[PDB]
Amino acid sequence: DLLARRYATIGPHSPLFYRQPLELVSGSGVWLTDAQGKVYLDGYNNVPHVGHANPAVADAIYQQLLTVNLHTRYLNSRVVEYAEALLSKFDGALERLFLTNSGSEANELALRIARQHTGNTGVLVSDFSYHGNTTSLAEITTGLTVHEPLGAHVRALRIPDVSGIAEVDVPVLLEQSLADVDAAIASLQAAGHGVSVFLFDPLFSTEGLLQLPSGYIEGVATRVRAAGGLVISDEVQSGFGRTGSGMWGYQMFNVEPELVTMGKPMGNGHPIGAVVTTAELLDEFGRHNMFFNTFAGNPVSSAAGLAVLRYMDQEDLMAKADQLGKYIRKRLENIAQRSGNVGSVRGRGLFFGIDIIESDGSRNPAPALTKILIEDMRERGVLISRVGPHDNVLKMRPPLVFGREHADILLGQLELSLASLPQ
Amino acid sequence: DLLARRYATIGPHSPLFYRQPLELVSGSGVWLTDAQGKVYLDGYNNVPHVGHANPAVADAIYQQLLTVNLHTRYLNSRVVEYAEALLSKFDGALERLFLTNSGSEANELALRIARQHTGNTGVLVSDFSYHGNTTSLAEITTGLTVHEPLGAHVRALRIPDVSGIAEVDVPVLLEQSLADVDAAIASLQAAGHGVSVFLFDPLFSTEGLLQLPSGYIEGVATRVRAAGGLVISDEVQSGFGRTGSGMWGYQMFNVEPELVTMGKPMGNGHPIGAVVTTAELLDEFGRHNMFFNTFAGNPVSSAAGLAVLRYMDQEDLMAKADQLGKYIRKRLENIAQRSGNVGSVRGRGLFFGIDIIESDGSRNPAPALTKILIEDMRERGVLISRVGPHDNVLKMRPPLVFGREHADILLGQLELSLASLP
Ligand SMILES: Cc1ncc(COP(=O)(O)O)c(/C=N/CCOP(=O)(O)O)c1O
Ligand SMILES: Cc1ncc(COP(=O)(O)O)c(/C=N/CCOP(=O)(O)O)c1O
Ligand code: NA
Ligand code: NA
Ligand code: NA
């Protein structure tokens, strides 16, 4: 009676995947086993960045739990070691760290640092995005339903997507998108909000995995900084080497953010987030606020984060993701060329997707067919999902220990699944 | 070079206790060891509710880490088991749960549920309180420095304290305090905010461990509910049996909150928080919001929380805290009677304090002497701290495994420490 018992305690609205919620009882690496003993390839979960049940992570956490686990008002070496290891993954002026317990807490603090620093309130976000679940983040949310109306201090941008657009038309797309940014900024200024931040997921995953014209992000940053604002890269989806080509998603662009936020993978499942920032921004915020987060930077959270970084580094996972990503993209392009139910190939590294469309010549988004594919792939023993404003972009985002053998299983099942659709 | 290295990464403002920061490298139960090998009694930390390095909590976390640790979009028994165990500690209409990763995330979500439900924004809080570190909580914060001005939607209340007041004057204190509440409410209504919530820590610990006249909390609840608002009991300090006499601090008062928040001890250090509420409030919020917290309710966090409740129940810690609390209170009263540097004895269960005052007959708060006593207690091998708007209320709040042998060591050193003052 597990579903009933859940509904009587945490309630029926807390989301569950699939028509029939799956009960997953164990995992190992990329493999998950449900309560009936069926085994699935995990094509979806990024939180277990270094695999389900990774024993190096388990051991590091357990050993620290046998030692001591206190807040950061007493000195302790584990937090300092972890901060050093994490900050060694950043360049330029990104050289200080605030630890938190979630991605929402990180984005909440980043927006607060920015609001205080800039003396402005205005927020630029995409028109189909999600950055967390606090009050301030609800007021800026466009990609999921919330009761709060969109804040008067918010402008939502239509982030440009070159996918399937003729290469001759990109310059007009870029020029128009940037004029839209100018208009947003001028609007926020006229209203008295000014510009505090541009906040974005570098993969634009919730948006449908957009491929941007070169110069868009750089152009936004320039305009935002001319308005006295800051740039925040939300790395919850693109971070920790997920893209292959760089540790952080913002590296796909010619931009250095003042603020970088993170959560998901960082502790393999342990509740940890962070805000990485400049010396000037951390120092200022600390002079103005007696800021403290009780659980942040505790030794056990730090042990978990350290073990994740150590494991990624020892197993060369980021470089592996880059090579495997390229292979997967070539296969997906073959799939797209031949399937009338596939539009464009999207993403990078081990965050990959395809938009699912009607085969009747309309190229219309086909959410229903997308659902069919998600459910059929589950039947075939692979967990995937979807994103995007039309609910038609398959989203594949496995643990970063997913290798070539796993990719061939997933892609072969995807092909067969596509071949089973009608018309 | 540990201090320097910390300052180069997480910076020099992140707070540290004591003139000379202590490096604590290990602990066991109520005992901590610093990098020089000096051993201290923990009289201060409530996060390790069931003791430093508790092996049942460590084992429950590890076994689940070796099993699976996914978000709640897949069914998993651990979260359901935990939710059942936690909700079994609540009566009346408190029968649903939202899990979070901290006490701030819980209070943030509680305010949000209340704002949406009530259609109001006004907040009543104490005038020297701290409920967390988000933007919305910064705007209501009175007991610590933040850059955000106190919100136009906030009214700060002087919570009444009967400590040292003649009994004959308590009813007048109560009456005036409640008129102050009426005035706050009418101001919020005139200004168009209305009343969304009254939010409080039942021990009023940050405020200096106030002893309230009976009927104040009941009276606030009545007035807030007549204005269409809700009551939130923040249990981060008073929860999980700390008070001895009840699982939750709000049980000290004749009040059933609509919202109860928690954090700190819940997972012995593991990052967990919660909002406990009614079926109607959870249902309404879920209909109106696609609310999801990625780490909340993961199997490992639920394993941790379960191990804490199981251990507390198995070792009878709440009932022990009630009996030991009575003994400590008697000892502290003997100490207060004898020392001209001690005013009132405060708190309940294993949250206890004393105000430290000048001995010159003025009874003026003495923050400098309080700091001397904290530093001297540290030299003698006991960790304590202080709270209150005058920074003069010693705060003792040990792991809930602290027993009588520990209380005698602490209280003996405190006596000797008080005897050393001018
Ligand atoms: C971009 C971005 N930024 C911030 C957050 C918030 O993190 P959280 O507080 O939930 O730890 C998410 C979450 N995303 C919740 C949905 O997770 P998924 O379906 O497995 O991708 C986020 O996607
Ligand atoms: C009443 C109350 N409500 C919420 C919070 C916030 O919890 P968090 O987000 O830091 O886990 C605190 C914390 N308080 C941080 C100070 O910790 P202490 O000195 O060891 O008592 C709180 O005191
Ligand atoms: Na760019
Ligand atoms: Na195609
Ligand atoms: Na009362």
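Note on naming: letters A, B, ... go to the chains in the order of the sequence lines (proteins, then strands), and numbering restarts at 1 for each one. Reckoned from all heavy atoms, side chains included, excluding hydrogens, waters and symmetry mates.
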query: Is it true that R225(A) and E258(A) make a salt bridge, defined as a side-chain N closer than 4.0 Å to a carboxylate O?
result: yes
message: As a quick check of understanding, evaluate side-chain contact (heavy atoms from CB on, under 4.5 Å) for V146(A) and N289(B), giving each step before the final call.
response: CA-CA 4 Å; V146(A) 299; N289(B) 307 91; 3.9 Å; yes
task: Tell me, with the steps shown, if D322(A) and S245(A) meet side-chain hydrogen bond (donor to acceptor under 3.5 Å, both in side chains).
output: CA-CA 6 Å; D322(A) 192 42; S245(A) 51; 4.8 Å; no
field: Min side-chain heavy-atom separation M252(A)-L212(A) under 4.5 Å
entry: no
- request: Assess whether side-chain contact (heavy atoms from CB on, under 4.5 Å) is satisfied between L230(A) and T118(A), documenting all intermediate values.
  value: CA-CA 8 Å; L230(A) 307 178; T118(A) 68; 3.9 Å; yes
message: If the threshold is 4.0 Å, N to carboxylate O, is there a salt bridge linking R287(B) and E284(B)?
response: no
message: For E105(A) and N101(B): C-alpha separation, side-chain torsions, deciding distance, then whether side-chain hydrogen bond (donor to acceptor under 3.5 Å, both in side chains) applies.
response: CA-CA 9 Å; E105(A) 282 193 330; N101(B) 313 104; over 6 Å; no
message: Check whether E235(A) reaches the backbone of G263(A) with its side chain - one donor and one acceptor, N or O, closer than 3.5 Å.
response: no
- request: For residues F198(A) and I217(A), determine if any side-chain heavy atom of one lies less than 4.5 Å from a side-chain heavy atom of the other.
  value: yes
message: Tell me the closest heavy-atom pair linking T134(A) and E108(A), and the distance in Å.
response: OG1-OE1, 2.6 Å
- prompt: CD1/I232(B) to CG/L111(B) distance, rounded to the nearest 0.5 angstrom?
  reply: 4.5 Å
task: Report the relative orientation of the aromatic rings in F90(A) and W248(A); use parallel for angles under 30°, tilted for 30 to 60°, perpendicular for over 60°.
output: parallel
task: Kindly compute the distance separating CG (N120(A)) from CG (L188(A)), expressed to the nearest 0.5 Å.
output: 9.0 Å
Sub-4.5 Å side-chain heavy-atom contact between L3(A) and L16(A): yes
- prompt: Looking at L178(A) and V220(A), what are the two nearest heavy atoms and their distance?
  reply: CD2-N, 4.0 Å
message: When you compare the side chain of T141(A) with that of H131(A), does any pair of heavy atoms fall below 4.5 Å?
response: no
- prompt: Does some side-chain heavy atom of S301(A) sit less than 4.5 Å from a side-chain heavy atom of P271(B)?
  reply: yes
- request: Ignoring hydrogens and angles, tell me if any N or O in the side chain of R386(A) forms a donor-acceptor pair with the backbone of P367(A) under 3.5 Å.
  value: yes
query: Are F285(B) and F98(B) near enough that their ring centres are under 6.0 Å apart?
result: yes
- prompt: How about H13(A) and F291(B): do any of their side-chain heavy atoms sit closer than 4.5 Å?
  reply: no
message: Set out, in order, the CA-CA distance, both residues' side-chain angles and the distance that settles side-chain contact (heavy atoms from CB on, under 4.5 Å) for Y40(A) and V382(A), then state yes or no.
response: CA-CA 5 Å; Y40(A) 305 82; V382(A) 186; over 6 Å; no
query: Taking NZ, NE, NH1 and NH2 as the nitrogens, is one of them in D283(B) or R96(B) under 4.0 Å from a carboxylate oxygen of the other?
result: no
Intermediate values then yes/no, side-chain contact (heavy atoms from CB on, under 4.5 Å), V308(A) and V57(A): CA-CA 7 Å; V308(A) 168; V57(A) 180; 4.0 Å; yes
- prompt: Do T121(A) and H153(A) have side-chain N/O donor and acceptor atoms under 3.5 Å apart?
  reply: no
message: Treating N293(A) as the side-chain partner and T100(A) as the backbone partner, does any N or O pair qualify as donor plus acceptor under 3.5 Å?
response: no
task: Might you point out which heavy atoms bring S126(A) and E207(A) nearest each other, and give the distance in Å?
output: OG-OE2, 2.6 Å
Value rounded to 0.5 Å, distance of OG1 in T294(B) from NZ in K264(A): 3.0 Å
message: Please verify the inter-ring angle class for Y74(B) with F17(A); under 30° counts as parallel, over 60° as perpendicular, anything in between as tilted.
response: perpendicular
Aromatic plane relationship, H147(A) with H288(B) - under 30° parallel, 30 to 60° tilted, over 60° perpendicular: parallel
field: Side chain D355(A), main chain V393(A), donor-acceptor under 3.5 Å
entry: no
- prompt: Nearest heavy-atom pair of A152(A) and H193(A): which atoms, and what distance?
  reply: O-NE2, 3.1 Å
field: Residues which pass salt bridge (charged side-chain N to carboxylate O under 4.0 Å, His left out) with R112(A), listed by chain and number, not counting sequence neighbours
entry: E148(B)
message: Quick check against the 3.5 Å criterion: does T222(A) have a side-chain atom that pairs as donor or acceptor with the backbone of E218(A)?
response: yes
message: Tell me whether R348(A) contacts the main-chain N or O of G325(A) through its side chain, where contact means a donor paired with an acceptor under 3.5 Å.
response: no
- request: Apply side-chain hydrogen bond (donor to acceptor under 3.5 Å, both in side chains) to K395(A) and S205(A), showing your working.
  value: CA-CA 8 Å; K395(A) 156 152 114 170; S205(A) 58; 5.1 Å; no
field: N/O donor-acceptor pair under 3.5 Å between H49(A) side chain and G267(A) backbone
entry: no
- prompt: Which is it for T142(A) and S129(A) under the side-chain hydrogen bond (donor to acceptor under 3.5 Å, both in side chains) test, yes or no, and what are the steps along the way?
  reply: CA-CA 5 Å; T142(A) 57; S129(A) 56; 3.3 Å; yes
query: Would you say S104(B)'s side chain and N133(B)'s backbone share a donor-acceptor pair under 3.5 angstrom?
result: yes
Inter-residue atom distance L24(A).CG - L70(B).CG, 0.5 Å rounding: 6.5 Å
- prompt: Are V231(A) and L259(A) close enough that some pair of their side-chain heavy atoms sits under 4.5 Å apart?
  reply: no
- prompt: Does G51(A) offer a backbone N or O that forms a donor-acceptor pair with the side chain of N268(A) under 3.5 Å?
  reply: yes
field: Donor-acceptor pair between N392(A) and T370(A) side chains, under 3.5 angstrom
entry: no
- prompt: Checking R378(A) side chain against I374(A) main chain: does a donor-acceptor pair fall under 3.5 Å?
  reply: no
message: Using every non-hydrogen atom in the two residues, find where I272(A) and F295(B) come nearest and quote the distance to one decimal.
response: O-CE1, 3.3 Å
task: Supply the atom-to-atom distance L282(B) CG to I113(B) CD1, rounded to the nearest 0.5 angstrom.
output: 7.5 Å
message: Under the rule for salt bridge (charged side-chain N to carboxylate O under 4.0 Å, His left out), what residues qualify as partners of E139(B), not counting sequence neighbours?
response: none
query: Between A110(A) and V275(A), what is the shortest heavy-atom contact and its length?
result: N-CG2, 4.1 Å
field: Positive for side chain to side chain contact (heavy atoms under 4.5 Å, CB included) with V30(A), one of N45(A), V401(A), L400(A)
entry: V401(A)
message: Rounded to the nearest 0.5 Å, what separates atom CG in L350(A) from atom CZ in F402(A)?
response: 7.0 Å
message: With a 4.5 Å cut-off on side-chain heavy atoms, are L410(A) and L41(A) touching?
response: yes
